[PDB]
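Just below is one structure, and these are the notes that go with it.
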There are 2 protein chains.
Amino acid sequence: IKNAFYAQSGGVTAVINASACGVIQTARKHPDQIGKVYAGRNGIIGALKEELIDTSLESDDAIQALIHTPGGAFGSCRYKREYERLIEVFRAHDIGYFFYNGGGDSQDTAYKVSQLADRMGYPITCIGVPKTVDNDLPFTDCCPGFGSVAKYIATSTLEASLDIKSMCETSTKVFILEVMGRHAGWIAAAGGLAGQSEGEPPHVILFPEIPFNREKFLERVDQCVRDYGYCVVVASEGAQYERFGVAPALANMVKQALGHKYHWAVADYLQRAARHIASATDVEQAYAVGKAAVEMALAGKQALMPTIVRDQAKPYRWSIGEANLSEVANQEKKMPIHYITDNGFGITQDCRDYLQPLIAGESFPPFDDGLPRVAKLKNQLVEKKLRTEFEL
Amino acid sequence: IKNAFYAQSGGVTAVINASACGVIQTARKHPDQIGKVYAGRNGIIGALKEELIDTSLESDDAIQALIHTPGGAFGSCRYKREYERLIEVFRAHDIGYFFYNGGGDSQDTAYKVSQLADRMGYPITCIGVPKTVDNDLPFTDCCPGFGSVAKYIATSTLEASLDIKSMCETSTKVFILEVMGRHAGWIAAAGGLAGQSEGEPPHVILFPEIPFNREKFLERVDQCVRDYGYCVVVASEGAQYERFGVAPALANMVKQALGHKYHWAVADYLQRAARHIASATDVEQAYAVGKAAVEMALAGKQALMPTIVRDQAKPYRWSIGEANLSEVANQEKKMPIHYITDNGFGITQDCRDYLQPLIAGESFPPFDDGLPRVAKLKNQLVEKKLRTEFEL
Ligand code: NA
Ligand code: NA
């Protein structure tokens, strides 16, 4: 029970590989407690199909590269007997450590593995590493990955705004930028960090937490174009009533109803892969939770998820705390309404106090020939052992 | 005839303000030849309506900020008697220098002003400063602004690709990224800089120069998803036959015809406003053409547009040259087909040799509280003089 198994889960992030780096590098700093670090090819599917990547065959440099490369270096999946097969392949490979890096579902399943492992007489210390661009995990200040998209959305909103503002007298006067966020508006909220007073961008932020009042929307925008000269709205894909992609939908609304020239963009995967403008504090934290999960497992702790704790709002200070996987599931983290302005289309000062520090600092990745440098892993498989196995 | 008039024209750029900086700073370095530098509020419309911005009231710092702030700091317009009114307001304000910073149309009109100025007995040296995200101006290696979008598109394609690649076995296997470029494919071509061999992203680049062969497209993508696991296409809004926004259109094509899970994004204004990942050589050149236009005017030269000349492909070397405005119009610059692969969906080595150096180096702007710092100008108007004036 000396090797460790690391796997990613759910949608990838611009810094989820930073976590992988934090976990892998510290594991290598304890050869007397942990042997090889195996990575699940394409997530737990990898463990299930017994496709284990031997990350020990990877040079220190490559591993170091992980902190400035987006996506999932080993691959991920959204996949949610199976538990029995996980322990069968873990013990066959001397795996006593299970580091599961993902959203809520992941944390829960990590816990269950822990339960079955004991039951079957095969303890395996399982520590989950937080990961969510939606920032909806509980018992943590922020979720690794969000800080970076927040910075991206805020920057993108600020830049597009300066553009529109430049020619709103002649050309387009309404710009809509559709961002991620189906049930949570944390991402859309980051857009408000672009402007700090009233009259400056973004004029409208569509939160999925606030039902869409077409009449209130159409009149706020119209009011903006003829007061400030233009209007930029940051709408999350989760715009709903009690849906609507969204960008073009609203654009059509303003056109047929206000006649203003519009423009829209849809960042999609761009926002969660923009490692070029990642948040330093975010990649810093992505690394830390990975290191702390390997440390908690060394200290002999069990079934925990590392956390980020805000030890100080003023001059923002943070550190890593702990949380019981057992309770991570069936809790979540909803965006507190007192974060949204009464207009329903704005962020409040309490929300700025929370976000602003999260996007602090820049962690530009190194650049080679004009482009960002990326990992480049061997990702070689270990020699099978079991006798095959199908999934659902 | 000692003050100068600067104006922007057409769509703004991430570095068009860098040009404005290059022109303004050098003008201030010759108080014995040039007086105050006036800026046209919202382009020549400003001169027409006699709304002149006194940029002399701006601090050196603010002016310096111009090189790291996107959009048009003084505003721009797409506007194309009027010539007579331009000279009437120029001479009323002692303007002997006219620095017009825009695309082809701008250059031509700059020239005509020069012609009328003489005819009317009011010489005004007019030097045009190149500006085009479409990179279709003639007599110049590259057009200021393009290098930056190119870098943005290439980076964005590389980042989104790493994402898709991470989960193409379980989730989405076809990603489409719609970029700017209606009649030219220079922007779309920049996407190819993300991958250098065959099999790596972008697998398909839709150029407006190549007619869209649906069957050839659908089979190239399908061939890619089941050969490399996924397929990313960078399509310019100018995808046509002999149109189709485009992103969702093609997405629908692959869905109904290949059944693959897709994803798309539409960068829109984001690509031309992304000063955060601008190209150093690009902002370097944007400044230089601005400085060189003020220099050519000091040397007493007339009716010229500064240019960028590639004095060396190998270890890329460039400098500023000159071009007769008189001929800039009614020429243009088409993308040479031997730059596009025979597949019709790729960039060729000759195209890489041309582009790669253009996106070289990073010019990250300074950052304040998590976001990029921006100009902040007074942009005060000079006291009217004429007796009003309407436009068309
Ligand atoms: Na997820
Ligand atoms: Na133009």
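Residues are named by chain letter and number: chains run A, B, ... in the order of the structure tokens, numbers start at 1 in each chain, and ligands are numbered from 1 in the order shown.
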* Hey, which residues come within 7 Å of ligand 1 if we count only C-alpha atoms and all ligand atoms? Could you give them as a list in words? ->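 Going residue by residue within 7 Å of ligand 1, we get residues 10, 11, 103 and 132 of chain A.
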* Asked: Can you list, as a list in words, every protein, DNA or RNA residue that comes within 12 Å of residue B:220 when you count only C-alpha atoms, leaving out same-chain residues fewer than 6 positions away?
  ->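 Close residues of residue B:220: residues 174, 199, 202, 203, 204, 205, 206, 213, 214, 226, 227, 228, 230, 231, 232, 233, 254, 258, 343, 344, 345 and 346 of chain B.
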Could you save those same residues with N, CA, C and O atoms as a compact mmCIF listing (two decimals), in the first residue's frame?
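Writing the result to selection_10.txt gives the following:
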# COMPACT_ATOMS: atom_id res chain seq x y z
N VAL B 174 -15.84 17.71 -31.20
CA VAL B 174 -15.67 18.66 -32.28
C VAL B 174 -15.86 20.06 -31.74
O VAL B 174 -16.94 20.42 -31.27
N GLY B 199 -2.40 16.15 -37.66
CA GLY B 199 -3.03 15.39 -36.60
C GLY B 199 -3.24 16.27 -35.40
O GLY B 199 -4.12 16.00 -34.57
N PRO B 202 -4.98 23.31 -35.32
CA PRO B 202 -6.35 23.08 -35.78
C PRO B 202 -6.41 22.13 -36.98
O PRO B 202 -5.63 22.26 -37.92
N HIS B 203 -7.33 21.18 -36.94
CA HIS B 203 -7.48 20.19 -38.01
C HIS B 203 -8.09 20.79 -39.26
O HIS B 203 -7.80 20.35 -40.38
N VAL B 204 -8.96 21.78 -39.07
CA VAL B 204 -9.62 22.44 -40.18
C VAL B 204 -9.66 23.95 -40.01
O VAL B 204 -10.01 24.44 -38.94
N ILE B 205 -9.27 24.66 -41.05
CA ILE B 205 -9.30 26.13 -41.05
C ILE B 205 -10.14 26.55 -42.25
O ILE B 205 -9.76 26.29 -43.40
N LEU B 206 -11.27 27.19 -41.99
CA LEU B 206 -12.12 27.64 -43.08
C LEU B 206 -11.72 29.04 -43.49
O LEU B 206 -11.89 29.99 -42.74
N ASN B 213 -16.71 23.48 -49.29
CA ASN B 213 -17.19 22.22 -49.86
C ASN B 213 -17.69 21.35 -48.72
O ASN B 213 -16.94 20.56 -48.16
N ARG B 214 -18.97 21.50 -48.38
CA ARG B 214 -19.58 20.74 -47.29
C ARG B 214 -19.16 19.27 -47.17
O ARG B 214 -18.80 18.82 -46.08
N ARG B 226 -12.14 10.28 -35.55
CA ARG B 226 -11.88 8.85 -35.40
C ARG B 226 -10.47 8.48 -35.83
O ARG B 226 -10.22 7.36 -36.26
N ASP B 227 -9.55 9.42 -35.72
CA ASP B 227 -8.15 9.20 -36.08
C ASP B 227 -7.31 9.84 -35.00
O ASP B 227 -6.28 9.30 -34.59
N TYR B 228 -7.76 11.00 -34.52
CA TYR B 228 -7.05 11.74 -33.49
C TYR B 228 -7.90 11.84 -32.23
O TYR B 228 -7.43 12.32 -31.19
N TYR B 230 -10.64 13.66 -31.83
CA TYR B 230 -11.45 14.87 -31.84
C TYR B 230 -11.04 15.74 -33.02
O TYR B 230 -10.13 15.39 -33.76
N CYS B 231 -11.71 16.88 -33.16
CA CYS B 231 -11.44 17.79 -34.26
C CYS B 231 -11.82 19.24 -33.94
O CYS B 231 -12.96 19.52 -33.57
N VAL B 232 -10.87 20.16 -34.09
CA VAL B 232 -11.13 21.56 -33.82
C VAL B 232 -11.02 22.38 -35.10
O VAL B 232 -10.01 22.32 -35.79
N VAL B 233 -12.07 23.12 -35.43
CA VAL B 233 -12.05 23.92 -36.63
C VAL B 233 -12.12 25.40 -36.31
O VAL B 233 -12.87 25.82 -35.44
N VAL B 254 -22.19 19.03 -38.64
CA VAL B 254 -21.56 17.83 -38.08
C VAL B 254 -22.51 17.00 -37.24
O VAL B 254 -22.43 15.77 -37.24
N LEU B 258 -22.84 13.68 -38.72
CA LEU B 258 -21.87 12.78 -38.12
C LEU B 258 -22.26 12.36 -36.71
O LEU B 258 -21.72 11.39 -36.16
N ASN B 343 -5.47 20.72 -49.33
CA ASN B 343 -6.65 20.16 -48.66
C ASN B 343 -7.66 21.28 -48.58
O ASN B 343 -8.86 21.04 -48.46
N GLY B 344 -7.15 22.50 -48.65
CA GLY B 344 -7.98 23.68 -48.57
C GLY B 344 -8.28 24.04 -47.13
O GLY B 344 -8.75 25.14 -46.85
N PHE B 345 -7.97 23.13 -46.22
CA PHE B 345 -8.23 23.30 -44.79
C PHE B 345 -6.96 23.47 -43.95
O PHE B 345 -6.95 23.16 -42.75
N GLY B 346 -5.89 23.94 -44.57
CA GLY B 346 -4.67 24.11 -43.81
C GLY B 346 -3.79 25.26 -44.24
O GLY B 346 -3.96 25.85 -45.31
* **Interface list for chain A, partner chain B, 6 Å threshold, only C-alpha atoms, as a VMD selection string** => chain A and resid 71 to 72 75 to 77 159 to 160 162 to 163 166 to 167 170 265 to 268 270 273 359 to 361 370
Could you turn the residues from that selection into a file that holds N, CA and C atoms, as a PDB file, in the first residue's frame?
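After the write, out.pdb holds the following:
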ATOM      1  N   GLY A  71      -6.231  22.509 -19.168  1.00  0.00           N
ATOM      2  CA  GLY A  71      -6.799  21.204 -19.453  1.00  0.00           C
ATOM      3  C   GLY A  71      -6.396  20.141 -18.457  1.00  0.00           C
ATOM      4  N   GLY A  72      -6.646  18.883 -18.806  1.00  0.00           N
ATOM      5  CA  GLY A  72      -6.287  17.766 -17.948  1.00  0.00           C
ATOM      6  C   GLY A  72      -5.178  17.003 -18.641  1.00  0.00           C
ATOM      7  N   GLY A  75      -6.092  13.580 -18.890  1.00  0.00           N
ATOM      8  CA  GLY A  75      -7.425  13.386 -19.412  1.00  0.00           C
ATOM      9  C   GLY A  75      -8.392  13.325 -18.253  1.00  0.00           C
ATOM     10  N   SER A  76      -9.669  13.502 -18.546  1.00  0.00           N
ATOM     11  CA  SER A  76     -10.694  13.443 -17.522  1.00  0.00           C
ATOM     12  C   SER A  76     -11.939  12.899 -18.180  1.00  0.00           C
ATOM     13  N   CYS A  77     -13.005  12.765 -17.412  1.00  0.00           N
ATOM     14  CA  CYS A  77     -14.253  12.245 -17.942  1.00  0.00           C
ATOM     15  C   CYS A  77     -15.355  12.706 -17.024  1.00  0.00           C
ATOM     16  N   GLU A 159     -12.027  44.810 -21.620  1.00  0.00           N
ATOM     17  CA  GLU A 159     -11.481  45.056 -22.947  1.00  0.00           C
ATOM     18  C   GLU A 159     -12.563  45.271 -23.997  1.00  0.00           C
ATOM     19  N   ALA A 160     -13.567  44.403 -24.036  1.00  0.00           N
ATOM     20  CA  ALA A 160     -14.640  44.584 -25.013  1.00  0.00           C
ATOM     21  C   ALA A 160     -15.382  45.898 -24.769  1.00  0.00           C
ATOM     22  N   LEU A 162     -14.178  48.776 -23.538  1.00  0.00           N
ATOM     23  CA  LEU A 162     -13.401  49.890 -24.064  1.00  0.00           C
ATOM     24  C   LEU A 162     -13.592  49.984 -25.567  1.00  0.00           C
ATOM     25  N   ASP A 163     -13.760  48.832 -26.210  1.00  0.00           N
ATOM     26  CA  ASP A 163     -13.961  48.790 -27.654  1.00  0.00           C
ATOM     27  C   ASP A 163     -15.289  49.446 -28.013  1.00  0.00           C
ATOM     28  N   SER A 166     -15.666  53.057 -27.673  1.00  0.00           N
ATOM     29  CA  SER A 166     -14.930  53.788 -28.700  1.00  0.00           C
ATOM     30  C   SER A 166     -15.767  54.207 -29.895  1.00  0.00           C
ATOM     31  N   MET A 167     -16.768  53.410 -30.245  1.00  0.00           N
ATOM     32  CA  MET A 167     -17.561  53.716 -31.427  1.00  0.00           C
ATOM     33  C   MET A 167     -19.074  53.609 -31.266  1.00  0.00           C
ATOM     34  N   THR A 170     -21.489  55.830 -33.538  1.00  0.00           N
ATOM     35  CA  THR A 170     -21.679  55.512 -34.947  1.00  0.00           C
ATOM     36  C   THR A 170     -22.131  54.072 -35.152  1.00  0.00           C
ATOM     37  N   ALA A 265     -20.695  37.700 -28.266  1.00  0.00           N
ATOM     38  CA  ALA A 265     -19.577  36.767 -28.294  1.00  0.00           C
ATOM     39  C   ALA A 265     -19.961  35.634 -27.376  1.00  0.00           C
ATOM     40  N   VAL A 266     -19.349  34.476 -27.562  1.00  0.00           N
ATOM     41  CA  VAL A 266     -19.636  33.343 -26.704  1.00  0.00           C
ATOM     42  C   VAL A 266     -18.300  32.730 -26.426  1.00  0.00           C
ATOM     43  N   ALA A 267     -17.749  32.988 -25.244  1.00  0.00           N
ATOM     44  CA  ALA A 267     -16.425  32.474 -24.892  1.00  0.00           C
ATOM     45  C   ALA A 267     -16.324  30.948 -24.781  1.00  0.00           C
ATOM     46  N   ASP A 268     -17.396  30.306 -24.323  1.00  0.00           N
ATOM     47  CA  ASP A 268     -17.398  28.851 -24.163  1.00  0.00           C
ATOM     48  C   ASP A 268     -16.112  28.389 -23.470  1.00  0.00           C
ATOM     49  N   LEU A 270     -13.211  28.769 -23.937  1.00  0.00           N
ATOM     50  CA  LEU A 270     -12.118  29.720 -23.863  1.00  0.00           C
ATOM     51  C   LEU A 270     -11.870  30.209 -22.448  1.00  0.00           C
ATOM     52  N   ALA A 273     -10.041  27.783 -20.221  1.00  0.00           N
ATOM     53  CA  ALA A 273      -8.780  27.275 -20.737  1.00  0.00           C
ATOM     54  C   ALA A 273      -7.754  28.379 -20.897  1.00  0.00           C
ATOM     55  N   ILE A 359      -8.869  37.120  -7.930  1.00  0.00           N
ATOM     56  CA  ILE A 359      -8.294  37.291  -9.259  1.00  0.00           C
ATOM     57  C   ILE A 359      -6.982  38.055  -9.183  1.00  0.00           C
ATOM     58  N   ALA A 360      -6.479  38.244  -7.970  1.00  0.00           N
ATOM     59  CA  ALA A 360      -5.260  39.009  -7.767  1.00  0.00           C
ATOM     60  C   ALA A 360      -3.997  38.389  -8.334  1.00  0.00           C
ATOM     61  N   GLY A 361      -3.149  39.241  -8.902  1.00  0.00           N
ATOM     62  CA  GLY A 361      -1.877  38.804  -9.446  1.00  0.00           C
ATOM     63  C   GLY A 361      -1.947  38.058 -10.756  1.00  0.00           C
ATOM     64  N   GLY A 370       6.218  32.708 -29.522  1.00  0.00           N
ATOM     65  CA  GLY A 370       4.938  33.386 -29.571  1.00  0.00           C
ATOM     66  C   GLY A 370       3.779  32.747 -28.836  1.00  0.00           C
TER      67      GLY A 370
END
* So which bits of stretch 218-317 of chain A end up strand (DSSP E) when you DSSP the backbone, as a list in words? ->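 Secondary structure check on stretch 218-317 of chain A, strand (DSSP E): residues 231, 232, 233, 234, 235, 236, 262, 263, 264, 265, 266, 304, 305, 306, 307, 308, 309, 310, 311, 312 and 317 of chain A.
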Export, as a compact mmCIF listing (two decimals), in the first residue's frame, the selected residues with N, CA, C and O atoms.
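Result written to selection_14.txt:
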# COMPACT_ATOMS: atom_id res chain seq x y z
N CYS A 231 -24.31 49.95 -24.00
CA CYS A 231 -24.62 49.02 -22.92
C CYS A 231 -24.04 47.63 -23.14
O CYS A 231 -24.29 47.01 -24.18
N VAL A 232 -23.28 47.14 -22.17
CA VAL A 232 -22.68 45.81 -22.28
C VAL A 232 -23.27 44.88 -21.22
O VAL A 232 -23.25 45.19 -20.04
N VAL A 233 -23.80 43.74 -21.66
CA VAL A 233 -24.38 42.81 -20.72
C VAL A 233 -23.60 41.51 -20.71
O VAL A 233 -23.21 40.99 -21.74
N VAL A 234 -23.37 40.99 -19.51
CA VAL A 234 -22.66 39.74 -19.34
C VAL A 234 -23.73 38.78 -18.86
O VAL A 234 -24.21 38.89 -17.73
N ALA A 235 -24.12 37.86 -19.73
CA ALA A 235 -25.17 36.90 -19.40
C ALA A 235 -24.65 35.47 -19.28
O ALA A 235 -23.92 34.98 -20.14
N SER A 236 -25.02 34.79 -18.19
CA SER A 236 -24.58 33.42 -18.01
C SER A 236 -25.53 32.52 -18.80
O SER A 236 -26.70 32.84 -18.96
N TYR A 262 -26.46 45.67 -32.29
CA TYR A 262 -25.85 44.83 -31.27
C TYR A 262 -24.65 44.02 -31.75
O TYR A 262 -24.31 44.00 -32.93
N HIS A 263 -24.02 43.34 -30.80
CA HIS A 263 -22.87 42.49 -31.05
C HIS A 263 -22.80 41.53 -29.90
O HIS A 263 -23.11 41.90 -28.77
N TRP A 264 -22.39 40.29 -30.17
CA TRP A 264 -22.30 39.30 -29.12
C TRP A 264 -21.09 38.39 -29.33
O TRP A 264 -20.54 38.32 -30.42
N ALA A 265 -20.70 37.70 -28.27
CA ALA A 265 -19.58 36.77 -28.29
C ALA A 265 -19.96 35.63 -27.38
O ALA A 265 -20.80 35.81 -26.50
N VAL A 266 -19.35 34.48 -27.56
CA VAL A 266 -19.64 33.34 -26.70
C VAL A 266 -18.30 32.73 -26.43
O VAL A 266 -17.79 32.03 -27.26
N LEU A 304 -10.60 13.23 3.64
CA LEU A 304 -10.76 14.68 3.76
C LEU A 304 -10.54 15.34 2.39
O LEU A 304 -9.95 14.73 1.49
N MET A 305 -11.03 16.57 2.25
CA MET A 305 -10.87 17.39 1.05
C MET A 305 -10.12 18.63 1.55
O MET A 305 -10.54 19.21 2.55
N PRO A 306 -9.00 19.03 0.91
CA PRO A 306 -8.35 20.22 1.45
C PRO A 306 -9.18 21.43 1.12
O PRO A 306 -9.99 21.42 0.18
N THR A 307 -8.99 22.48 1.89
CA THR A 307 -9.76 23.65 1.64
C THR A 307 -8.91 24.90 1.64
O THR A 307 -7.71 24.86 1.93
N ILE A 308 -9.54 25.99 1.25
CA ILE A 308 -8.90 27.29 1.21
C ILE A 308 -9.64 28.04 2.29
O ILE A 308 -10.87 28.05 2.30
N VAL A 309 -8.92 28.65 3.22
CA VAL A 309 -9.60 29.40 4.25
C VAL A 309 -9.12 30.84 4.19
O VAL A 309 -7.91 31.09 4.10
N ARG A 310 -10.06 31.77 4.20
CA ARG A 310 -9.74 33.19 4.16
C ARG A 310 -9.44 33.66 5.59
O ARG A 310 -10.35 34.01 6.34
N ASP A 311 -8.17 33.66 5.97
CA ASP A 311 -7.78 34.07 7.31
C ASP A 311 -7.77 35.58 7.46
O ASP A 311 -7.36 36.10 8.50
N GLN A 312 -8.21 36.28 6.42
CA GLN A 312 -8.24 37.73 6.46
C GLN A 312 -8.80 38.31 5.16
O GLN A 312 -8.25 38.08 4.08
N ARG A 317 -5.80 37.16 3.12
CA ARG A 317 -4.87 36.11 3.53
C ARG A 317 -5.57 34.75 3.52
O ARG A 317 -6.73 34.64 3.91
* To do: Determine the nearest neighbour of ligand 2 from the options B:93, B:387, B:80, B:216, counting only C-alpha atoms and all ligand atoms.
  =>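 Ranking B:93, B:387, B:80, B:216 by distance to ligand 2, first place goes to B:80.
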* To do: Figure out the distance between atom CA of residue A:21 and atom CA of residue A:67, please, to one decimal in Å.
  =>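 Straight-line distance from atom CA of residue A:67 to atom CA of residue A:21 works out to 6.1 Å.
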* To do: Find, counting only C-alpha atoms and all ligand atoms, the residue in B:378, B:261, B:182, B:314 that gets nearest to ligand 2.
  =>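 Looking only at the distances to ligand 2, the closest residue turns out to be B:182.
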* **Residues of stretch 252-302 of chain A in helix (DSSP H, G or I), written as an NGL selection string** => :A and (252-258 or 268-270 or 275-277 or 280-298)
* **All residues 8 Å or closer to residue B:241, only C-alpha atoms, same chain fewer than 3 positions away omitted, as number ranges by chain** => B: 210-213
Residues from the last selection, N, CA, C and O atoms, saved as a PDB file, in the first residue's frame:
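Output saved as part11.pdb:
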ATOM      1  N   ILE B 210     -11.227  30.116 -49.917  1.00  0.00           N
ATOM      2  CA  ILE B 210     -11.542  28.788 -50.426  1.00  0.00           C
ATOM      3  C   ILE B 210     -13.035  28.522 -50.315  1.00  0.00           C
ATOM      4  O   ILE B 210     -13.606  28.614 -49.233  1.00  0.00           O
ATOM      5  N   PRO B 211     -13.691  28.202 -51.437  1.00  0.00           N
ATOM      6  CA  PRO B 211     -15.127  27.931 -51.356  1.00  0.00           C
ATOM      7  C   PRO B 211     -15.406  26.743 -50.435  1.00  0.00           C
ATOM      8  O   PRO B 211     -14.676  25.751 -50.439  1.00  0.00           O
ATOM      9  N   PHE B 212     -16.463  26.862 -49.641  1.00  0.00           N
ATOM     10  CA  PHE B 212     -16.841  25.825 -48.690  1.00  0.00           C
ATOM     11  C   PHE B 212     -17.442  24.589 -49.342  1.00  0.00           C
ATOM     12  O   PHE B 212     -18.546  24.642 -49.877  1.00  0.00           O
ATOM     13  N   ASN B 213     -16.714  23.479 -49.294  1.00  0.00           N
ATOM     14  CA  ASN B 213     -17.192  22.219 -49.861  1.00  0.00           C
ATOM     15  C   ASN B 213     -17.694  21.348 -48.717  1.00  0.00           C
ATOM     16  O   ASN B 213     -16.938  20.558 -48.157  1.00  0.00           O
TER      17      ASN B 213
END
Polymer residues at most 6 Å from stretch 55-62 of chain B, only C-alpha atoms, same-chain spacing of 4 or more positions, as a PDB file with N, CA, C and O atoms, in the first residue's frame:
ATOM      1  N   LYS B  36       0.351  72.130 -30.476  1.00  0.00           N
ATOM      2  CA  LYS B  36      -0.525  71.175 -29.817  1.00  0.00           C
ATOM      3  C   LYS B  36      -1.008  70.080 -30.776  1.00  0.00           C
ATOM      4  O   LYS B  36      -1.177  70.316 -31.971  1.00  0.00           O
ATOM      5  N   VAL B  37      -1.207  68.878 -30.243  1.00  0.00           N
ATOM      6  CA  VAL B  37      -1.716  67.756 -31.031  1.00  0.00           C
ATOM      7  C   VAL B  37      -3.208  67.625 -30.722  1.00  0.00           C
ATOM      8  O   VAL B  37      -3.596  67.290 -29.600  1.00  0.00           O
ATOM      9  N   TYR B  38      -4.048  67.907 -31.706  1.00  0.00           N
ATOM     10  CA  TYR B  38      -5.478  67.804 -31.492  1.00  0.00           C
ATOM     11  C   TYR B  38      -5.961  66.446 -31.947  1.00  0.00           C
ATOM     12  O   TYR B  38      -5.453  65.906 -32.921  1.00  0.00           O
ATOM     13  N   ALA B 375      -5.546  53.764 -19.992  1.00  0.00           N
ATOM     14  CA  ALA B 375      -5.279  55.191 -20.170  1.00  0.00           C
ATOM     15  C   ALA B 375      -5.804  56.204 -19.151  1.00  0.00           C
ATOM     16  O   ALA B 375      -5.043  56.699 -18.305  1.00  0.00           O
TER      17      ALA B 375
END
* Find the spatial neighbours of residue A:324, counting only C-alpha atoms, within a cut-off of 10 Å - ignore same-chain residues fewer than 6 positions away - and output them as a list in words. =>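 The residues satisfying every condition are residues 107, 108, 111, 127, 128, 139, 302, 303, 304, 305 and 306 of chain A.
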* **Residue among B:136, B:31, B:149, B:191 lying closest to ligand 2, counting only C-alpha atoms and all ligand atoms** =>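 For ligand 2, the nearest of the candidates is B:136.
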* Asked: Of the candidates B:22, B:321, B:131, B:2, which one gets nearest to ligand 2 if we count only C-alpha atoms and all ligand atoms?
  -> B:131
* Taking into account only C-alpha atoms, which residue in the set B:8, B:172, B:64, B:281 is nearest to residue B:316? ->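 Among B:8, B:172, B:64, B:281, it is B:281 that comes nearest to residue B:316.
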* To do: Quote the spacing between atom CA of residue A:208 and atom CA of residue A:328 in Å to one decimal place.
  =>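 Distance between the two atoms: 22.8 Å.
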